[PDB]
Ligand SMILES: Cc1cc2nc3c(=O)[nH]c(=O)nc-3n(C[C@H](O)[C@H](O)[C@H](O)COP(=O)(O)OP(=O)(O)OC[C@H]3O[C@@H](n4cnc5c(N)ncnc54)[C@H](O)[C@@H]3O)c2cc1C
(Lines give C-alpha, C1' and ligand atoms only; values in the text may rest on other atoms or scores of the structure.)
Protein backbone atom coordinates (compact mmCIF):
# COMPACT_ATOMS: atom_id res chain seq x y z
CA UNK A 1 0.00 0.00 0.00
CA UNK A 2 2.35 2.58 -1.42
CA UNK A 3 3.11 5.91 0.21
CA UNK A 4 5.16 8.96 -0.74
CA UNK A 5 7.98 10.04 1.45
CA UNK A 6 11.33 11.82 1.44
CA UNK A 7 14.84 10.72 0.87
CA UNK A 8 16.99 11.72 3.84
CA UNK A 9 20.36 10.55 2.50
CA UNK A 10 21.81 9.29 -0.76
CA UNK A 11 25.42 8.49 -1.28
CA UNK A 12 28.08 6.35 -2.85
CA UNK A 13 29.43 3.31 -0.97
CA UNK A 14 32.16 2.33 -3.34
CA UNK A 15 35.56 4.10 -3.49
CA UNK A 16 36.64 6.87 -5.87
CA UNK A 17 37.90 5.23 -8.98
CA UNK A 18 35.74 2.11 -8.85
CA UNK A 19 34.19 1.37 -12.18
CA UNK A 20 30.95 0.38 -10.23
CA UNK A 21 28.44 1.97 -8.00
CA UNK A 22 26.45 0.85 -4.98
CA UNK A 23 24.26 3.38 -3.27
CA UNK A 24 23.16 3.84 0.29
CA UNK A 25 19.89 5.61 0.75
CA UNK A 26 17.98 6.54 3.82
CA UNK A 27 14.23 6.97 3.56
CA UNK A 28 11.77 8.47 6.05
CA UNK A 29 8.76 6.46 7.11
CA UNK A 30 5.36 7.94 8.04
CA UNK A 31 3.49 7.01 11.29
CA UNK A 32 1.34 4.38 9.53
CA UNK A 33 4.41 2.43 8.29
CA UNK A 34 6.74 0.19 10.28
CA UNK A 35 9.34 -2.45 9.61
CA UNK A 36 11.53 -5.24 11.01
CA UNK A 37 14.98 -6.55 10.12
CA UNK A 38 14.80 -8.77 7.06
CA UNK A 39 11.92 -6.75 5.58
CA UNK A 40 12.02 -5.38 2.00
CA UNK A 41 11.35 -1.92 0.66
CA UNK A 42 9.24 -2.01 -2.51
CA UNK A 43 10.17 0.95 -4.71
CA UNK A 44 7.98 2.15 -7.63
CA UNK A 45 10.61 3.51 -9.91
CA UNK A 46 10.67 6.15 -12.61
CA UNK A 47 12.08 5.64 -16.02
CA UNK A 48 15.26 7.52 -16.57
CA UNK A 49 15.45 10.53 -18.90
CA UNK A 50 17.57 8.93 -21.59
CA UNK A 51 15.12 6.13 -22.19
CA UNK A 52 12.08 8.43 -22.15
CA UNK A 53 13.90 10.63 -24.71
CA UNK A 54 14.46 7.60 -26.90
CA UNK A 55 10.70 7.01 -27.08
CA UNK A 56 9.89 10.65 -27.80
CA UNK A 57 12.61 10.88 -30.51
CA UNK A 58 11.37 7.73 -32.15
CA UNK A 59 7.79 8.94 -32.39
CA UNK A 60 8.74 12.59 -33.18
CA UNK A 61 7.00 13.94 -30.14
CA UNK A 62 7.53 16.65 -27.60
CA UNK A 63 7.89 15.32 -24.03
CA UNK A 64 5.33 17.93 -22.84
CA UNK A 65 2.61 17.24 -25.43
CA UNK A 66 -0.74 16.78 -23.73
CA UNK A 67 -2.71 13.76 -24.95
CA UNK A 68 -5.70 11.64 -24.18
CA UNK A 69 -5.98 7.85 -24.67
CA UNK A 70 -9.20 5.93 -25.43
CA UNK A 71 -9.68 9.32 -20.42
CA UNK A 72 -7.96 12.48 -18.83
CA UNK A 73 -5.31 14.57 -20.62
CA UNK A 74 -1.69 13.91 -19.47
CA UNK A 75 1.77 14.58 -20.97
CA UNK A 76 3.65 12.10 -23.18
CA UNK A 77 6.63 12.16 -20.67
CA UNK A 78 4.19 11.32 -17.81
CA UNK A 79 2.44 8.54 -19.61
CA UNK A 80 5.88 7.00 -20.05
CA UNK A 81 6.25 6.70 -16.24
CA UNK A 82 3.51 4.14 -16.09
CA UNK A 83 4.95 1.42 -18.29
CA UNK A 84 7.97 -0.84 -18.64
CA UNK A 85 10.26 0.30 -21.43
CA UNK A 86 12.83 -2.52 -21.52
CA UNK A 87 11.14 -5.81 -21.12
CA UNK A 88 11.81 -8.30 -23.84
CA UNK A 89 9.60 -7.87 -26.82
CA UNK A 90 6.47 -10.10 -26.57
CA UNK A 91 4.99 -12.01 -29.38
CA UNK A 92 1.93 -9.71 -29.33
CA UNK A 93 4.31 -6.75 -29.71
CA UNK A 94 6.15 -8.45 -32.57
CA UNK A 95 2.94 -9.24 -34.40
CA UNK A 96 1.79 -5.65 -33.91
CA UNK A 97 5.05 -4.36 -35.44
CA UNK A 98 4.97 -6.77 -38.29
CA UNK A 99 1.37 -5.68 -39.24
CA UNK A 100 2.66 -2.07 -39.46
CA UNK A 101 5.79 -2.77 -41.39
CA UNK A 102 5.94 -1.61 -45.02
CA UNK A 103 9.49 -2.81 -45.99
CA UNK A 104 9.02 -6.49 -46.86
CA UNK A 105 12.35 -7.87 -45.72
CA UNK A 106 11.90 -6.11 -42.37
CA UNK A 107 8.52 -7.77 -41.90
CA UNK A 108 10.11 -11.18 -42.68
CA UNK A 109 12.65 -10.51 -39.93
CA UNK A 110 10.08 -9.58 -37.35
CA UNK A 111 7.97 -12.60 -38.15
CA UNK A 112 11.11 -14.79 -37.94
CA UNK A 113 11.47 -13.85 -34.31
CA UNK A 114 8.09 -15.34 -33.46
CA UNK A 115 9.46 -18.81 -34.05
CA UNK A 116 10.31 -20.97 -31.09
CA UNK A 117 14.08 -21.08 -31.33
CA UNK A 118 14.68 -17.46 -32.56
CA UNK A 119 12.44 -16.09 -29.87
CA UNK A 120 14.27 -18.00 -27.18
CA UNK A 121 17.74 -17.36 -28.45
CA UNK A 122 17.43 -13.86 -30.09
CA UNK A 123 14.73 -12.21 -27.96
CA UNK A 124 14.70 -13.77 -24.50
CA UNK A 125 18.44 -14.66 -24.12
CA UNK A 126 19.37 -11.15 -25.26
CA UNK A 127 16.60 -9.13 -23.70
CA UNK A 128 15.72 -7.46 -27.02
CA UNK A 129 12.98 -4.87 -26.46
CA UNK A 130 10.09 -3.43 -28.59
CA UNK A 131 11.71 0.03 -28.36
CA UNK A 132 15.03 -1.32 -29.71
CA UNK A 133 13.26 -2.95 -32.58
CA UNK A 134 11.27 0.31 -33.32
CA UNK A 135 14.71 2.09 -33.44
CA UNK A 136 16.00 -0.54 -35.80
CA UNK A 137 12.86 -0.15 -37.99
CA UNK A 138 12.07 3.63 -38.17
CA UNK A 139 9.66 2.94 -41.02
CA UNK A 140 7.52 0.51 -38.92
CA UNK A 141 4.31 2.55 -38.72
CA UNK A 142 3.28 1.87 -35.18
CA UNK A 143 1.84 4.91 -33.47
CA UNK A 144 2.60 6.15 -29.98
CA UNK A 145 -0.87 5.40 -28.75
CA UNK A 146 -0.58 1.81 -29.83
CA UNK A 147 3.04 1.49 -28.39
CA UNK A 148 1.93 2.62 -24.95
CA UNK A 149 -1.09 0.29 -24.90
CA UNK A 150 0.98 -2.78 -25.73
CA UNK A 151 3.37 -2.33 -22.78
CA UNK A 152 3.11 -3.67 -19.26
CA UNK A 153 2.51 -1.60 -16.24
CA UNK A 154 5.59 -0.48 -14.38
CA UNK A 155 6.60 -2.91 -11.57
CA UNK A 156 7.94 -2.41 -8.14
CA UNK A 157 11.55 -3.36 -7.39
CA UNK A 158 12.50 -4.80 -3.95
CA UNK A 159 15.48 -3.91 -1.75
CA UNK A 160 16.57 -5.63 1.52
CA UNK A 161 16.31 -3.08 4.26
CA UNK A 162 19.74 -2.55 5.68
CA UNK A 163 18.95 -0.91 8.98
CA UNK A 164 17.24 -2.03 12.23
CA UNK A 165 14.15 -0.28 13.42
CA UNK A 166 15.65 -0.49 16.92
CA UNK A 167 17.90 2.42 15.89
CA UNK A 168 15.03 4.61 14.54
CA UNK A 169 11.62 2.99 13.82
CA UNK A 170 10.68 5.62 11.23
CA UNK A 171 13.84 5.56 9.05
CA UNK A 172 14.98 2.72 6.85
CA UNK A 173 18.04 2.30 4.69
CA UNK A 174 18.67 0.41 1.49
CA UNK A 175 21.74 -0.69 -0.33
CA UNK A 176 21.56 -0.67 -4.09
CA UNK A 177 23.77 -2.09 -6.64
CA UNK A 178 23.59 0.09 -9.81
CA UNK A 179 23.02 -2.09 -12.80
CA UNK A 180 24.77 -0.99 -15.98
CA UNK A 181 26.82 -2.54 -18.79
CA UNK A 182 26.71 -2.94 -22.54
CA UNK A 183 23.18 -4.06 -23.48
CA UNK A 184 22.97 -7.80 -24.13
CA UNK A 185 20.71 -6.88 -27.13
CA UNK A 186 23.64 -5.03 -28.68
CA UNK A 187 21.92 -1.65 -28.64
CA UNK A 188 24.29 0.52 -26.75
CA UNK A 189 24.53 0.81 -23.01
CA UNK A 190 22.04 -0.75 -20.54
CA UNK A 191 20.85 0.88 -17.30
CA UNK A 192 18.62 -1.11 -14.87
CA UNK A 193 15.54 1.08 -14.29
CA UNK A 194 15.04 1.14 -10.50
CA UNK A 195 18.76 1.03 -9.55
CA UNK A 196 19.65 4.04 -11.74
CA UNK A 197 16.53 5.82 -10.60
CA UNK A 198 17.58 5.34 -6.96
CA UNK A 199 21.16 6.20 -7.88
CA UNK A 200 19.97 9.64 -9.18
CA UNK A 201 17.85 10.51 -6.10
CA UNK A 202 19.27 13.12 -3.67
CA UNK A 203 18.42 14.42 -0.22
CA UNK A 204 15.04 16.13 -0.34
CA UNK A 205 13.67 14.08 -3.25
CA UNK A 206 10.36 12.26 -2.92
CA UNK A 207 9.97 8.50 -3.34
CA UNK A 208 6.95 6.23 -3.60
CA UNK A 209 7.52 2.94 -1.78
CA UNK A 210 6.10 0.31 0.61
CA UNK A 211 7.20 -2.14 3.29
CA UNK A 212 7.05 -5.79 2.19
CA UNK A 213 7.77 -8.74 4.51
CA UNK A 214 9.16 -11.74 2.66
CA UNK A 215 7.37 -15.08 2.43
CA UNK A 216 10.45 -16.81 3.85
CA UNK A 217 11.20 -15.24 7.32
CA UNK A 218 14.63 -13.67 7.51
CA UNK A 219 14.95 -12.58 11.11
CA UNK A 220 17.30 -12.83 14.08
CA UNK A 221 16.74 -15.71 16.48
CA UNK A 222 14.54 -14.81 19.46
CA UNK A 223 17.45 -15.40 21.90
CA UNK A 224 20.45 -13.18 21.29
CA UNK A 225 22.68 -15.89 22.61
CA UNK A 226 21.79 -18.32 19.83
CA UNK A 227 24.76 -18.37 17.47
CA UNK A 228 24.47 -17.01 13.82
CA UNK A 229 26.32 -17.64 10.59
CA UNK A 230 25.64 -14.99 7.91
CA UNK A 231 26.96 -15.21 4.28
CA UNK A 232 26.48 -12.04 2.26
CA UNK A 233 29.01 -10.97 -0.33
CA UNK A 234 28.64 -7.63 -2.16
CA UNK A 235 25.18 -6.22 -1.89
CA UNK A 236 24.18 -9.39 -0.01
CA UNK A 237 25.53 -7.63 3.07
CA UNK A 238 22.50 -5.52 3.16
CA UNK A 239 20.13 -7.32 5.51
CA UNK A 240 23.00 -8.26 7.74
CA UNK A 241 23.80 -4.60 8.33
CA UNK A 242 20.37 -4.48 9.81
CA UNK A 243 21.10 -7.56 12.02
CA UNK A 244 24.38 -5.88 13.13
CA UNK A 245 22.50 -2.77 14.18
CA UNK A 246 19.87 -4.78 16.07
CA UNK A 247 22.54 -6.77 17.94
CA UNK A 248 24.37 -3.52 18.82
CA UNK A 249 21.19 -2.12 20.41
CA UNK A 250 20.46 -5.35 22.20
CA UNK A 251 23.93 -5.20 23.81
CA UNK A 252 23.52 -1.52 24.83
CA UNK A 253 20.23 -2.55 26.48
CA UNK A 254 22.13 -5.11 28.66
CA UNK A 255 21.52 -8.29 26.71
CA UNK A 256 24.25 -10.74 26.34
CA UNK A 257 25.26 -11.74 22.76
CA UNK A 258 26.39 -15.07 21.42
CA UNK A 259 28.69 -15.79 18.50
CA UNK A 260 27.83 -14.23 15.06
CA UNK A 261 30.05 -14.95 12.07
CA UNK A 262 29.71 -12.63 9.01
CA UNK A 263 31.24 -13.94 5.81
CA UNK A 264 31.67 -10.88 3.51
CA UNK A 265 33.16 -10.95 0.03
CA UNK A 266 34.10 -8.19 -2.49
CA UNK A 267 36.77 -7.41 -5.15
CA UNK A 268 39.13 -5.30 -3.02
CA UNK A 269 39.28 -3.14 0.05
CA UNK A 270 40.37 -0.30 -2.35
CA UNK A 271 37.08 -0.54 -4.33
CA UNK A 272 33.91 -2.14 -2.92
CA UNK A 273 34.23 -3.15 0.78
CA UNK A 274 30.80 -1.84 1.64
CA UNK A 275 30.27 -0.49 5.21
CA UNK A 276 33.87 -1.51 6.06
CA UNK A 277 34.21 0.91 8.92
CA UNK A 278 30.90 0.06 10.57
CA UNK A 279 31.54 -3.65 10.17
CA UNK A 280 35.16 -3.35 11.54
CA UNK A 281 33.73 -1.36 14.45
CA UNK A 282 30.97 -3.96 15.12
CA UNK A 283 33.73 -6.56 15.27
CA UNK A 284 35.81 -4.41 17.80
CA UNK A 285 32.72 -4.05 19.85
CA UNK A 286 32.10 -7.86 19.93
CA UNK A 287 28.89 -7.72 17.84
CA UNK A 288 30.26 -10.06 15.11
CA UNK A 289 33.28 -11.92 14.00
CA UNK A 290 34.11 -10.74 10.42
CA UNK A 291 35.56 -12.93 7.73
CA UNK A 292 36.45 -11.26 4.40
CA UNK A 293 37.09 -12.76 1.05
CA UNK A 294 38.83 -10.56 -1.67
CA UNK A 295 38.45 -11.74 -5.15
CA UNK A 296 40.72 -9.35 -7.15
CA UNK A 297 43.80 -8.47 -5.06
CA UNK A 298 47.14 -8.23 -6.79
CA UNK A 299 49.46 -11.01 -5.69
CA UNK A 300 46.71 -13.00 -3.83
CA UNK A 301 44.52 -15.89 -4.90
CA UNK A 302 40.95 -15.07 -5.87
CA UNK A 303 39.05 -15.81 -2.64
CA UNK A 304 35.28 -16.22 -2.33
CA UNK A 305 33.20 -16.56 0.84
CA UNK A 306 32.82 -20.30 0.39
CA UNK A 307 36.61 -20.80 0.29
CA UNK A 308 36.83 -19.28 3.76
CA UNK A 309 33.80 -21.31 4.96
CA UNK A 310 35.40 -24.46 3.86
CA UNK A 311 38.61 -23.63 5.89
CA UNK A 312 36.26 -22.92 8.89
CA UNK A 313 34.06 -25.95 8.35
CA UNK A 314 34.64 -27.68 11.73
CA UNK A 315 33.77 -24.56 13.63
CA UNK A 316 30.67 -23.79 11.49
CA UNK A 317 29.30 -27.33 11.71
CA UNK A 318 29.98 -27.33 15.53
CA UNK A 319 27.93 -24.08 15.84
CA UNK A 320 25.12 -25.49 13.76
CA UNK A 321 25.05 -28.73 15.85
CA UNK A 322 24.65 -26.31 18.83
CA UNK A 323 21.65 -24.56 17.52
CA UNK A 324 23.03 -21.84 15.16
CA UNK A 325 20.87 -20.25 12.48
CA UNK A 326 22.44 -19.95 9.01
CA UNK A 327 21.59 -17.11 6.61
CA UNK A 328 22.57 -16.45 2.95
CA UNK A 329 21.85 -13.14 1.16
CA UNK A 330 22.83 -11.70 -2.22
CA UNK A 331 23.31 -13.59 -5.46
CA UNK A 332 20.98 -16.60 -5.83
CA UNK A 333 22.23 -17.75 -9.21
CA UNK A 334 25.83 -18.84 -8.55
CA UNK A 335 26.99 -17.72 -5.07
CA UNK A 336 24.10 -19.15 -2.94
CA UNK A 337 24.18 -22.59 -4.51
CA UNK A 338 27.93 -22.82 -4.10
CA UNK A 339 27.77 -21.67 -0.45
CA UNK A 340 25.08 -24.34 0.13
CA UNK A 341 27.23 -26.97 -1.52
CA UNK A 342 30.23 -26.02 0.67
CA UNK A 343 28.14 -26.16 3.86
CA UNK A 344 26.89 -29.61 2.98
CA UNK A 345 30.33 -30.79 2.09
CA UNK A 346 31.58 -29.51 5.49
CA UNK A 347 28.78 -31.46 7.21
CA UNK A 348 29.62 -34.67 5.32
CA UNK A 349 33.31 -34.30 6.05
CA UNK A 350 32.87 -33.38 9.79
CA UNK A 351 30.33 -36.15 10.47
CA UNK A 352 31.60 -38.82 8.08
CA UNK A 353 28.28 -39.21 6.37
CA UNK A 354 27.12 -39.32 2.74
CA UNK A 355 26.04 -36.42 0.57
CA UNK A 356 22.39 -37.62 0.70
CA UNK A 357 22.67 -37.41 4.52
CA UNK A 358 24.14 -33.93 4.30
CA UNK A 359 21.18 -32.88 2.03
CA UNK A 360 18.72 -34.38 4.48
CA UNK A 361 20.50 -32.52 7.29
CA UNK A 362 20.09 -29.23 5.45
CA UNK A 363 16.48 -30.02 4.55
CA UNK A 364 15.74 -30.51 8.31
CA UNK A 365 17.58 -27.30 9.16
CA UNK A 366 15.30 -25.43 6.71
CA UNK A 367 12.24 -27.14 8.18
CA UNK A 368 13.26 -26.04 11.71
CA UNK A 369 13.43 -22.41 10.52
CA UNK A 370 17.30 -22.29 10.80
CA UNK A 371 18.48 -21.94 7.24
CA UNK A 372 17.17 -18.83 5.59
CA UNK A 373 17.82 -17.15 2.24
CA UNK A 374 17.34 -13.56 1.00
CA UNK A 375 18.65 -14.05 -2.43
CA UNK A 376 17.95 -12.69 -5.93
CA UNK A 377 19.20 -13.26 -9.43
CA UNK A 378 21.18 -10.65 -11.31
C1 LIG B 1 13.69 -10.39 -2.55
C2 LIG B 1 14.67 -9.46 -3.30
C3 LIG B 1 15.56 -8.69 -2.58
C4 LIG B 1 16.47 -7.83 -3.22
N5 LIG B 1 17.36 -7.05 -2.50
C6 LIG B 1 18.22 -6.18 -3.21
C7 LIG B 1 19.13 -5.38 -2.53
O8 LIG B 1 19.15 -5.31 -1.26
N9 LIG B 1 20.00 -4.60 -3.29
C10 LIG B 1 19.99 -4.57 -4.67
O11 LIG B 1 20.78 -3.86 -5.28
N12 LIG B 1 19.13 -5.38 -5.36
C13 LIG B 1 18.22 -6.15 -4.63
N14 LIG B 1 17.31 -6.91 -5.34
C15 LIG B 1 17.29 -6.82 -6.87
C16 LIG B 1 16.40 -5.59 -7.21
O17 LIG B 1 15.05 -5.70 -6.80
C18 LIG B 1 16.33 -5.20 -8.69
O19 LIG B 1 15.91 -6.31 -9.42
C20 LIG B 1 17.69 -4.69 -9.24
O21 LIG B 1 17.95 -3.41 -8.66
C22 LIG B 1 17.58 -4.55 -10.73
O23 LIG B 1 16.48 -3.72 -11.02
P24 LIG B 1 16.50 -2.54 -12.10
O25 LIG B 1 15.10 -1.98 -12.17
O26 LIG B 1 17.62 -1.60 -11.82
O27 LIG B 1 16.92 -3.24 -13.48
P28 LIG B 1 15.84 -3.74 -14.56
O29 LIG B 1 15.61 -2.67 -15.54
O30 LIG B 1 14.64 -4.38 -13.96
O31 LIG B 1 16.68 -4.87 -15.33
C32 LIG B 1 17.16 -6.02 -14.57
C33 LIG B 1 17.24 -7.16 -15.52
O34 LIG B 1 18.23 -6.73 -16.50
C35 LIG B 1 19.09 -7.83 -16.74
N36 LIG B 1 20.39 -7.28 -17.15
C37 LIG B 1 21.46 -6.96 -16.39
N38 LIG B 1 22.42 -6.45 -17.18
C39 LIG B 1 22.03 -6.38 -18.42
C40 LIG B 1 22.64 -5.93 -19.62
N41 LIG B 1 23.91 -5.49 -19.69
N42 LIG B 1 21.86 -5.97 -20.78
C43 LIG B 1 20.60 -6.50 -20.75
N44 LIG B 1 19.99 -6.94 -19.60
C45 LIG B 1 20.71 -6.88 -18.43
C46 LIG B 1 19.14 -8.58 -15.39
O47 LIG B 1 19.71 -9.85 -15.55
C48 LIG B 1 17.68 -8.52 -14.98
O49 LIG B 1 17.03 -9.53 -15.73
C50 LIG B 1 16.44 -7.74 -4.64
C51 LIG B 1 15.51 -8.51 -5.32
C52 LIG B 1 14.63 -9.37 -4.69
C53 LIG B 1 13.66 -10.22 -5.57
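Numbers and lists here come from the model and the stated rules, or from a named source; no laboratory instrument gave them. Backbone-built Cβ (ideal geometry, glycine too); neighbour counts: all protein chains shown.
At-a-glance table
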quantity	calculated
Sole exception among (1) within 16 Å of the ligand (Cβ to nearest atom); (2) within 27 Å of residue 222 (Cα to Cα); (3) not in a helix (DSSP H, G or I) for residue 336, by number	(3)
Some residue of the stretch 308-331 being in a helix (DSSP H, G or I) and under 21 Å from residue 215 (Cβ atoms)	no
Matching residues, the stretch 35-64, being surrounded by 14 or more Cβ atoms within 10 Å (Cβ to Cβ) and more than 30 Å from residue 242 (Cα to Cα)	51, 52, 54, 55, 56, 58, 59, 61, 63
Subset of the stretch 342-361 that is surrounded by fewer than 18 Cβ atoms within 10 Å (Cβ to Cβ) and farther than 12 Å from residue 313 by Cβ - its residue that is nearest to the ligand (Cβ to nearest atom)	359
Hits in the stretch 203-249 - residues which are over 25 Å from residue 262 (Cα atoms) and more than 20 Å from the chain's Cα centre (by Cα)	203, 204, 205, 206
Options 264, 243; residue that is crowded, with 23+ Cβ neighbours inside 10 Å and part of a helix (DSSP H, G or I)	243
The listed residue being more than 8 Å from the ligand (Cβ to nearest atom) and part of a strand (DSSP E or B), out of 145, 173, 163	173
Failed item in (1) in a strand (DSSP E or B); (2) in the same structural domain as residue 342 (by CATH); (3) within 13 Å of the ligand (Cβ to nearest atom), with residue 209 passing the rest	(2)
Neighbours by Cβ (under 7 Å, 6+ apart or cross-chain): first from the stretch 354-375, not assigned by CATH to the domain that holds residue 327; second within 16 Å of the ligand (Cβ to nearest atom) and part of a helix (DSSP H, G or I)	none
Output for the stretch 219-240, where each listed residue is part of a loop (DSSP other than H, G, I, E, B) and buried (at least 23 other Cβ atoms within 10 Å of the Cβ)	232, 233
